[PDB]
Structures are given as C-alpha cells and as structure tokens.
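Enquirer: give me a 3D structure for the following:
(chains A, B and C)
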Amino acid sequence: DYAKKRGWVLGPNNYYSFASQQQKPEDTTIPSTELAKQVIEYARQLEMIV
Amino acid sequence: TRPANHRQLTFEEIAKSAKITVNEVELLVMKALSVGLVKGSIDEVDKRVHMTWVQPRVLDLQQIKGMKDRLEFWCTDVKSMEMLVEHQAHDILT
Amino acid sequence: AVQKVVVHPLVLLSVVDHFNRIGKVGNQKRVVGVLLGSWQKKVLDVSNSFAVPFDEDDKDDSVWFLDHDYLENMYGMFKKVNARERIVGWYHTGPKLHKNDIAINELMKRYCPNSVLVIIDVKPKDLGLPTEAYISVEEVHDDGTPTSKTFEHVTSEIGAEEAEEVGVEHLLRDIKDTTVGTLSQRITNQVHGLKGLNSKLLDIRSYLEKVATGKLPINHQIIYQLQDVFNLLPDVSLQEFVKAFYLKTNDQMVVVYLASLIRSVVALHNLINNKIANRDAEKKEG
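Expert: Residues are numbered from 1 along each chain as shown, chains lettered A, B, ... in the order given. Sharing the structure here:
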C-alpha cells in the first residue's frame, strides 16, 4: 500500500527502481540573451558618467 | 532528405537504400567523396557516415516556399536581437 | 583580375557635385562620367574624375548617347594637368545596375581594357558603404548555354591621402562622435551589422516571394547558393561547441574580473588621496 502511495515503479518482486538519474540534465542551450544583457550592463557601467 | 541536424547516416541504412552489402558502403561513400558529390567522413568503428554537405539540386516552388519560411524565422530572430541590443544599450548609444 | 578598388573621397564628392548640377539643369535621373586613377598591382586607386555628357531614353534600353569626343578632349587636358592619372573606368550614380551598363562598359573598354564600374548612390537609403564596384566578365553556363557578358562584384573601399583626410575631418563638423571605446564598438558594429544582415535577408525574402508567386522565373544558381547558405548555418546545441564556448567565456571573464579589480583599487587610491588633500587643506585653513 505504501509502495503504491509513493511513486515507485514496482518492478520485480521487492524491486522498485528509484530513477536516481533525475533525468540526468545534459541539454545545454548557451543562455545568450542574458549573457548579452550582462555584458551590455558592464559596458554601460564602464561608459556612463558616475 | 535527412534534416541538417541529424545528417548522420548508418551503414545498414545506406546498404538497405542502395541494395548493396554493408562492406561496399565504405567504397561507395569514398567514391562519392572523391568525385565531389558529398562532403563528410567515415567512422568505421561506430559504422556511420557524417555528411556535412550535399550537392545543390533543382527545387520546386513548394521547396522554395519552405526556404522562404525558414528565411522568415531567421529574419525574425535577427530583428529580435537587434531590438534587444538597442533597447539595452540606448544609454551609451543615443 | 582586380582584388580591391580604393575610391578616394574627392571622387565621391565630385560625383555628388555632378549629380547636383545636372539635376539643377533638370530632366535627368542618372549621371555618368570617367574615373581617372592608377594601378598598384591588383589594388586599384581611383583619385579623380570628370563629367561626361550622357543621355538615355527612359523607355528604350538601346537609345543612349555618350560623348566620347568630349571624353577624349577632357582626358587630354587632365593628362596635361596631372600625368600620373590615366583612365581606369566609369561611374554612374544610378541606384542599381541598368541594362545599358554593359554597352557603356564596352564603349569605355576602348579606353581602358580592364574598365571598372563604380556605382555611387548619392541618396543612400541603407546602412553601408556608398560604392559598389563591378568588372565585366564572360560567363559560361551549363544550361543557360549562350555565354553572356555579366558584371562581377569587386571589393570596394574608401581611402584617402593626408590632405584629403585633413579636409574631410575639417568638413566633418556636422555630427562628430568619436568615442572609440565600447560605445563606438557597439554602434559601428553589432547594431549596424545586424541591421545590414536584416536588410540582405529581407531582399532575399522579397525575391523568394516573387519567385514563389510567379512574378519572376526560377534561377537555379540563386537557389543553389541559398542551399549552400542554409547548409553553412551552424548548429549551436552540440555538446562540444557548448563546452568550448563556456571555456572561452570563462577565460574572457577572468581577464575582465582582473581588470575590474585593478580599476577598483585605483579608485580607492584616488579617494584616499583626495581625502588627505581635503583634510590637509581644512587643517591649514583652520
């Protein structure tokens, strides 16, 4: 009953994979807009009259 | 036919498509490369061919319209980034 | 074969003057003239020019007139005034290539076998250089079959001598903004480059729309070049590319961080010195 309550796959008898992979996040997209914004902020602070 | 992002054919697939055994796939691909039809490499260990360029061919109007749509996406991205840079750096460039 | 054409600012301003005066005269759309210059082993140098009478029928692309007798006379006088300059090509202010240009070039080839055409847009509604250089070449096809004389692009740039540079800089008291730093490195590029790329892609899109609808016929060579472009477009989701990008970015940010630390220490030094000076001045005044 508790195995059913939790999200356990219930494989072979007394064999429930826990999927510790956590999807193994490997996709990477080079966040580019935010990095461009950061560098532009750097330039703004370098150039602006304080 | 294969999309640009995969463009990684396998020996069994080439053999099935060209009705030749897997052994002659390497020689067929090498003849193609030598003549200049396709550009790429051969990885016998993994049994794959990485095609990076195929010869241009004549396209019909539907394919021309597809190219137009792709250009539309590309231009939209370009305009988006131009607007981003302008808005963010307006202070230094007025 | 020309590898580069250098057009001096005096040539451009003379073209503008010619256009303005003929326009004030009236009833004309394009101006034509000669480009005197010199050769530097495949790097052209256009230094001077002179006007030439020219007229054309706005309907027929075969009724045009160029006064080659006047061309020869004025060239003789210009040679008598400056020997080191010899005829190199012709220029016209027409916004884009006309259909009579190959005929005019054939006429001018009897004065300069390697004639180079320079189109100077005196009303540039764009963001880029005002000069486009073309050279006449024979084109052999595979299905187009007859070999036609077509115009081939050549890189064009603007250079200047010392006197010309001094004069241009003196006259440039219209809007002067040097700011060679990050400000100019952000305006002269980035924004300008993206705008120009958008313009070129919009031109390609307009042509493709015309072709698809049916106003223009199909050009296999243009379609092939577009295929090559779309093939060259890289992929930026590859793990190896992402990792290399992150590595290089980390190095650049290391250097940036060190520079910022140096800046901060210098600022602190200045603050300490200023406070010392103010405290000493107050003490002395007291």
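Enquirer: element containing residue C:44?
Expert: For residue C:44, the element it lies in under DSSP states H and E is strand C:43-51.
Enquirer: what sits up against that strand?
Expert: With Cβ atoms under 8 Å, 6 or more residues apart in numbering or on different chains as the test, strand C:43-51 has contacts from C:2-8, C:10-11, C:14-15, C:18, C:22, C:31, C:33-39, C:74-75, C:78, C:82, C:85, C:88-89, C:91, C:116, C:118, C:159. (Each C-beta comes from the backbone N, C-alpha and C, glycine too.)
Enquirer: paired strands for it, with orientation please.
Expert: Strand C:43-51 sits in its sheet next to strand C:4-7 (parallel), strand C:32-38 (antiparallel), going by DSSP bridges.
Enquirer: export those strands as a markdown table, with columns for mean neighbour count and distance to residue B:23.
Expert: As requested, the strands paired with strand C:43-51 are exported to a markdown table (neighbours: other Cβ atoms under 10 Å in any protein chain shown; distance: least, Cβ to Cβ, whole Å):
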| stretch | mean neighbour count | distance to residue B:23 |
| --- | --- | --- |
| strand C:4-7 | 23 | 52 |
| strand C:32-38 | 23 | 63 |
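Enquirer: got the ones you listed as JSON lines, with distance to residue B:14 columns?
Expert: Listed next are the strands paired with strand C:43-51 as JSON lines, based on distance: least, Cβ to Cβ, whole Å:
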{"stretch": "strand C:4-7", "distance to residue B:14": "46"}
{"stretch": "strand C:32-38", "distance to residue B:14": "56"}
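Enquirer: between these, which one is nearest to residue C:204?
Expert: Shortest separation from residue C:204 across the strands paired with strand C:43-51 is recorded for strand C:4-7, at 25.1 Å, computed as Cβ to Cβ.
Enquirer: after the closest one, next one along is what?
Expert: helix C:9-25.
Enquirer: give me the contact list for that next one.
Expert: C:28, C:31, C:33, C:35, C:46-51, C:91, C:93, C:118, C:120, C:122, C:130-131, C:158, C:160, C:164, C:168.
Enquirer: mind listing what's buried in the strand holding residue C:44?
Expert: C:44-51 (16 or more other Cβ atoms under 10 Å in any protein chain shown).
Enquirer: among those, find me the one that's closest to residue C:111.
Expert: Using Cβ to Cβ, residue C:50 is the member of these that sits closest to residue C:111, with 12.9 Å.
Enquirer: beta-bridge partners for that closest one, please?
Expert: As for beta bridges, residue C:50 partners with residue C:34 under DSSP bridges.
Enquirer: and the gap between it and residue B:38?
Expert: Residue C:50 is 54 Å from residue B:38, where distance means Cβ to Cβ, to the nearest Å.
Enquirer: residue C:121 now?
Expert: Separation of residue C:121 from residue B:38 (Cβ to Cβ) stands at 42 Å.
Enquirer: got a list of what the residue positioned nearest the centre of chain A touches?
Expert: Geometric centre of chain A, nearest residue: residue A:25, 6.3 Å, by Cα atoms, centre = their mean. Residue A:25 sits next to no residue when contact means Cβ under 8 Å, 6+ apart.
Enquirer: does it count as helix, strand or coil?
Expert: Judged by DSSP: H, G, I helix; E, B strand; the rest coil, the three-state class of residue A:25 is coil.
Enquirer: quick one, phi/psi of it?
Expert: phi -60, psi 110 (degrees, to the nearest 10).
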